[PDB]
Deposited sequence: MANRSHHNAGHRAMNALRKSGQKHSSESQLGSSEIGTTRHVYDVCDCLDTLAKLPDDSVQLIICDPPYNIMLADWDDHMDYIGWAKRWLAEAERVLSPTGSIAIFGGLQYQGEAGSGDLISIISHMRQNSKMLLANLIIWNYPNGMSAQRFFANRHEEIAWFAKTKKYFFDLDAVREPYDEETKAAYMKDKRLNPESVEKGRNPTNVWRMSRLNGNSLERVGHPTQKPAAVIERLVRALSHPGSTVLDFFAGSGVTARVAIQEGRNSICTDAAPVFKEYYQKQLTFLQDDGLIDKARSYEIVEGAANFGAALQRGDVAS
């Protein structure tokens, strides 16, 4: 099964406007949480701008599709900025999508703090377009060691199948962020680790389906999509994105094709 991956440098709304209704299965969304100076010509707050791509994201998702939105809960009230709560509140008022889960990404290390509890978490809001969203839990279950699995297998009160399939990873993920000495590092300041994206891709999309990322950043989504047998469309407004994408590809070096240019999005939409 050969997959196709398209990438390009452009604004998220320009990408979305080029995608047809219900054509995407999963969207990875790790958006900037502040608007640009020029954005003050048409908006009075962050959501004023964000609601545009949020509405479009929903439009391009298929009936069984989902969108995972990364964000924090530390917004301080600055004009033009916001956080995951700004988005969730907007979604509750204006979207029919369902909040299937609020995932806590609990990372091991971080900065210290003397006047408050040191921050060790970031959130992921998983929104499903409808109640018929796709979910592959078995694909992300965590297996028990042979010792524990044996102990449970003897407990007649427990379902043997559930035991062998492994445990639900829960909505709290203890995963490390990338460090400056990380191998998959490409130079992007807010680069996300492949491990977190793999879990979302494996559980929220089916093989051969399209994964879209319009705030692609380091291009980690394409690398994960290729490795996992999915098709992908990754775009970012920064020209340096093309540099990161090509860097992600070297980490791979399986049948897949890479295509540059928004005019070629269709190559990755074909099922």
property: Non-modelled portions of the deposited polymer sequence, in sequence order; result: 1-35, 289-296, 315-319
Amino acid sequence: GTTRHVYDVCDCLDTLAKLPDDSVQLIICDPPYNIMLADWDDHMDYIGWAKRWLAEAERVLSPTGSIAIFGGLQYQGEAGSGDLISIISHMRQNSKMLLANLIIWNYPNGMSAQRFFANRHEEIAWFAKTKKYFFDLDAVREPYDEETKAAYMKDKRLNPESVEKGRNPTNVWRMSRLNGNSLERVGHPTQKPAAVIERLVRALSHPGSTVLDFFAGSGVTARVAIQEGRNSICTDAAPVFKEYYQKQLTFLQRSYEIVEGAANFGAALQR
From here on, numbers count along this sequence of modelled residues.
| property | result |
| --- | --- |
| Missing-residue flag, residue 253, threshold a third of other entries | yes |
| Of 244-252 and 258-266, the one with larger mean CA B-factor | 244-252 |
| Stretch exceeding the other in mean C-alpha B-factor - 103-111, 141-149 | 141-149 |
| Highest-ranked of 37, 54, 204, 69 once sorted by CA temperature factor in the record | 37 |
| From 177, 96, 199, 120, residue of greatest CA B-factor | 177 |
| Lowest, middle or highest third - CA B-factor, residue 45 | middle |
| Residue 169 - which third its CA temperature factor falls in, relative to the rest of the chain | middle |
| Ranked C-alpha temperature factor of residue 162 among modelled chain residues, by third | highest |
| Relative C-alpha B-factor of residue 136, binned into the chain's lowest, middle or highest third | middle |
| Residue 79 CA temperature factor, ranked by third within the chain | middle |
